[PDB]
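>>> Quick one: experimental structure and sequence below.
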Amino acid sequence: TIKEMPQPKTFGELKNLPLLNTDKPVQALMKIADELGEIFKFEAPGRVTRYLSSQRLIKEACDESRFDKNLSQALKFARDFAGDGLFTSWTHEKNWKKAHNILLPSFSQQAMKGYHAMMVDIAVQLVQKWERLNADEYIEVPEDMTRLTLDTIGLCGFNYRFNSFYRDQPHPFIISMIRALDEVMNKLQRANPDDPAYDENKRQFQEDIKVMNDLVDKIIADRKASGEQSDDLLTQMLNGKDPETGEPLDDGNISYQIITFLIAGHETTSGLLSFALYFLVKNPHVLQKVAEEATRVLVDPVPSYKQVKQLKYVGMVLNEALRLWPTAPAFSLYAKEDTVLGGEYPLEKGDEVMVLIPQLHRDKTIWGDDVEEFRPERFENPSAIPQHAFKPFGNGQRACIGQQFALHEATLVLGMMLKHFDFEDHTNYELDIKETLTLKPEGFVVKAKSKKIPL
Ligand code: HEM
Ligand SMILES: CCCCCCCCCCCCCCCC(=O)NCC(=O)O
């Protein structure tokens, strides 16, 4: 029954590494997958992994009793500043489970209902900016989505105003974040990481990190002595004790969690909104249908928590977007013990598998032949979607803890955008996906014509 795993051109000791050599890795890995099937091996200096593309195999990979979350080289490098923060820590390290039980309660239907008003605050700013543009001006979508998602997480999770709508250029923190992330993704290429040439990178990496820290310092400083009568993420982060250890998160960790949530809590949500708006302008009828919904439901100056939850179709657009381009391209797992995958590929305790989510979301045995066609209607009956065929948010216990937070925000913002403006792809934008571990539409710009609706 055994069938051995294929793999791309060998290329000496550098391994399969040269098959990439690009700032658009994932997109290359997708092409490779189009050739080699549902699975292939990928090697590099001191590491090896198998890339999965089918729901058949990924369905097994998602078996928690057999495979656990693995820190891919990517997250390993990303850890140089994130540390044992929920996203970059191992499932077994005390810190993960500890922080998980302590922070999770900040994502209940309760905390969410509390966040809404704050989400609206920032949502109003974004609508306001656009309302105030002059005729000859246009909008830089990703840039503004980043101002939103970032300001939203800062307000809701730390009661700190980044005030990105009062800045001409990306807030200093963002400039450093995207550079640190870019550095990490590019480091997966570097054949010899300590060789002089990269002395600039190291010099600059410690710098960008300091920037992020300084930001944290100022946040863990602003809370220090103000109306601390608020109970948000940062609150239950300093006044939270693990119900099974009586031990709260120490200083070193609380730091990492903030830096963790500030990045994981906006960057990919920024991309979602960007791709969503991208697909809406390139698919007029779909945009129309959603516009119809946004207006029919959002009948007040500001959206109510209930009204957002009613934005069914808007929510479908968001999933269809995440399907084609999951802003978090992949997550990895390793075999907990020795086992056989799909009854054909033998694996050894420790071996790691890599989930190529974009490809997973294109398996024609799950979605059909029009996989590249943008159809929100696909999510009409969520119950019918096969188990583990749609995974924009990771898997199991190590799945996105911010999922509801993100989808509620994106739904709110997209619903309002659609309520207050008509959109125009005035340059017939050509989709250019920029990679920095995550995915976003580079240089996507549009013009927006107000429908002139109050607030
Ligand atoms: C649409 C936007 C988002 C996407 C697509 C996304 C994607 C993901 C994915 C795929 C994982 C799994 C990582 C892995 O297996 O290595 C994850 C984990 C995580 N996400 Fe999200 N995320 C989004 C928004 C958010 C938001 C808004 C927050 C913050 C409030 C957040 C916080 C986290 C954290 C803390 C983890 C670690 C969970 C754990 O292991 O306990 N994410 N996310
Ligand atoms: C709190 C910090 C959150 C940071 C978010 C990081 C984003 C998660 C997406 C991980 C994407 C990994 C993509 C790996 C693809 C790749 O380049 N493979 C080649 C290789 O690993 O050698």
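That came through fine. Numbers count the residues shown, from 1 in each chain. Ligands and ions are numbered 1, 2, ... in the order given.
>>> So which bits of this protein are right by ligand 1?
Within the chain, the positions near ligand 1 by Cβ under 6 Å from any ligand atom are 69, 75, 86-87, 100, 260-261, 264-265, 268-269, 272, 326-328, 331, 392-394, 398, 400-402, 405-406. Every residue, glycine included, has its C-beta placed from N, CA and C.
>>> could you redo the last one with a cut-off of 5 Å?
86-87, 264-265, 268-269, 272, 327-328, 331, 392, 394, 398, 400-402, 405-406 (Cβ under 5 Å from any ligand atom).
>>> how many other residues sit next to the closest residue to ligand 1 within the stretch 151-300 of the chain?
Closest to ligand 1 within the stretch 151-300 of the chain is residue 265: 3.3 Å, counting by Cβ to the nearest ligand atom. Residue 265: 24 surrounding residues under other Cβ atoms under 10 Å.
>>> neighbouring contacts of stretch 80-91?
68-69, 71, 75, 78-79, 93, 95-97, 99-100, 103, 180, 184, 205, 209, 212, 252-253, 255-257, 259-261, 263-264, 397-398, 401 (Cβ atoms under 8 Å, 6 or more residues apart in numbering).
>>> That stretch near ligand 2 at all?
Yes. Stretch 80-91 comes into contact with ligand 2 (Cβ under 5 Å from any ligand atom), by way of 82, 87.
>>> Buried residues in that stretch, which are they?
For stretch 80-91, burial by neighbour count (16 or more other Cβ atoms under 10 Å) applies to 81-89, 91.
>>> what's near enough to touch residue 2?
Shown in contact with residue 2 (Cβ under 8 Å, 6+ apart): 344, 346.
>>> Next one: it relative to residue 347, how far apart?
Per Cβ to Cβ, to the nearest Å, residue 2 is found 12 Å from residue 347.
>>> circling back: among the residues of the chain next to ligand 1, which ones are in strands?
Among those, DSSP state E puts residue 331 in strands.
>>> Tabulate the CA atom coordinates of stretch 385-398 in CSV.
Only the C-alpha atoms of stretch 385-398 are listed here, as CSV (Å, rounded to 0.1, in the frame of the first residue of the first chain):
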residue,chain,number,x,y,z
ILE,A,385,-18.6,22.0,4.7
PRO,A,386,-16.6,18.8,5.3
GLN,A,387,-14.6,18.4,8.5
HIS,A,388,-11.3,20.3,8.3
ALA,A,389,-11.7,21.5,4.7
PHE,A,390,-11.8,25.2,5.6
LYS,A,391,-9.1,26.2,8.1
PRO,A,392,-8.3,29.9,8.0
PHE,A,393,-7.9,29.8,11.7
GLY,A,394,-5.6,26.9,12.5
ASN,A,395,-6.8,23.8,14.4
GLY,A,396,-8.1,22.5,17.7
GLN,A,397,-6.9,24.0,21.0
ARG,A,398,-4.1,25.8,19.2
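>>> Residues touching that stretch, excluding its own?
55, 58-59, 62, 64, 68-69, 91, 100, 319, 322-323, 326-328, 331, 333, 355, 357, 360-361, 363, 366, 379, 399-400, 403.
>>> Break down the chain into its strands, ranges please.
39-44, 47-52, 67-70, 139-140, 330-335, 339-341, 345-347, 352-356, 421-424, 433-436, 438-441, 445-450.
>>> quick one, which of those strands is nearest to residue 303?
strand 421-424 (15.0 Å; Cβ to Cβ).
>>> burial of the closest residue in space to residue 276 that isn't next to it in sequence, as a residue count?
In space, and not counting its chain neighbours, residue 276 is closest to residue 321: 4.3 Å by Cβ to Cβ, 6 or more residues apart in numbering. Neighbours of residue 321 under the rule other Cβ under 10 Å: 26.
>>> close enough to count as contact, residue 321 and residue 271?
No. In this structure, residue 321 is not within contact of residue 271 by Cβ atoms under 8 Å, at 9.0 Å.
>>> Disregarding residues adjacent in the polypeptide, which is nearest to the residue nearest the centre of the chain?
The centroid of the chain falls nearest to residue 268 when counting by Cα atoms, centre = their mean (3.0 Å). Once flanking residues are discounted, residue 268 sits nearest to residue 327: 3.9 Å by Cβ to Cβ, 6+ apart.
>>> for the one you found, what are its contacts?
267-272, 275, 392, 438-440.
>>> and it, what are its phi and psi?
The phi and psi values for residue 327, taken as degrees, to the nearest 10, are phi -60, psi -10.
>>> how close does it get to residue 320?
Counting by Cβ to Cβ, the gap from residue 327 to residue 320 is 13 Å.
>>> same check, this time on residue 236
Counting by Cβ to Cβ, the gap from residue 236 to residue 320 is 34 Å.
>>> Looking at the two, which one has more neighbours?
residue 320 (22 against 17).
>>> near ligand 2, which residues of the stretch 1-150 of the chain?
Contact residues (Cβ under 5 Å from any ligand atom) of the stretch 1-150 of the chain with ligand 2: 25, 73-74, 82, 87.
>>> Inside helices: which ones of the residues you listed?
Among those, DSSP state H puts 25, 73-74, 82 in helices.
>>> now, which of those sits nearest ligand 1?
Nearest to ligand 1 among these, counting by Cβ to the nearest ligand atom, is residue 74 at 8.8 Å.
>>> Neighbours of the closest one, how many?
21.
>>> ok, it - contacts?
With Cβ under 8 Å, 6+ apart, residue 74 has these contacts: 184-185, 188, 437.
>>> let's go with 10 Å and repeat that
25, 88, 181, 184-185, 187-188, 329-332, 354, 437 (Cβ atoms under 10 Å, 6 or more residues apart in numbering).
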